[PDB]
């Protein structure tokens, strides 16, 4: 089983520093890139950082560049995020993720509290009942072919990759989820709504950097 166990968060004053650690197991850590993705309180997912398979070349987001540093220890199969000059906007739940753009495995997440470009748009809010059929739309500012991912996240839990590419379904995901679209328009279809399927669904591009997520669509009663 693939396991990504995180630690190292907490509360800091503005300007302070923190270190987030993510121990990986169940797979060859040195053969996959790694990423850090954060979620602000009440907001959507935001890709923060990424590191290559060897740990040489790294990439960050504009809001974190110059202040955050991603690293890895392949001898210990561990991923590190050093967050310096923390601002109140960096208060979020952070997750470590496997791979560079389609994150198949996530970590539990850890809360970080600080107290004293392709855009993808979704519907943002939808109410529906059990057994009804639901379709969420995602659009990209530029043509991305089949470079989209669909994730599901329940409140307080880690996201789960359900659809990779435009249409391919992830193992363990029920076949009630369908992915379609190409270029600038894509659709996620849940068909017969079912229990525990009321949550927030996100679409994320995997073409260019930074990997951007949608605002999120919360399917609720």
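Residue numbers count along the first chain shown, from 1.
- The entry shows a gap from residue 116 to residue 117, with 10 or more unmodelled residues of the deposited sequence in between.
- Across the two stretches, 57-65 and 36-44, the PDB entry reports the greater mean Cα temperature factor for 36-44.
- Per-stretch averaging of Cα B factors for 156-164 and 185-193 places 185-193 on top.
- Listed residues 112, 86, 96, 126 were ranked by CA B-factor as deposited; 126 comes out on top.
- Each of 108, 149, 71, 135 has a CA temperature factor in the record; the biggest one is found at 135.
- Compared with the other modelled residues of the chain, the Cα B-factor recorded for residue 121 ranks in the highest third.
- Ranked by C-alpha B-factor against the other modelled residues of its chain, residue 221 falls in the highest third.
- Among the modelled residues of the chain, residue 77 sits in the middle third by CA temperature factor in this PDB entry.
- When the modelled residues of the chain are ordered by their C-alpha B factor, residue 12 lands in the middle third.
- Per the deposited record, the Cα B-factor of residue 50 falls in the lowest third when ranked against the other modelled residues of its chain.
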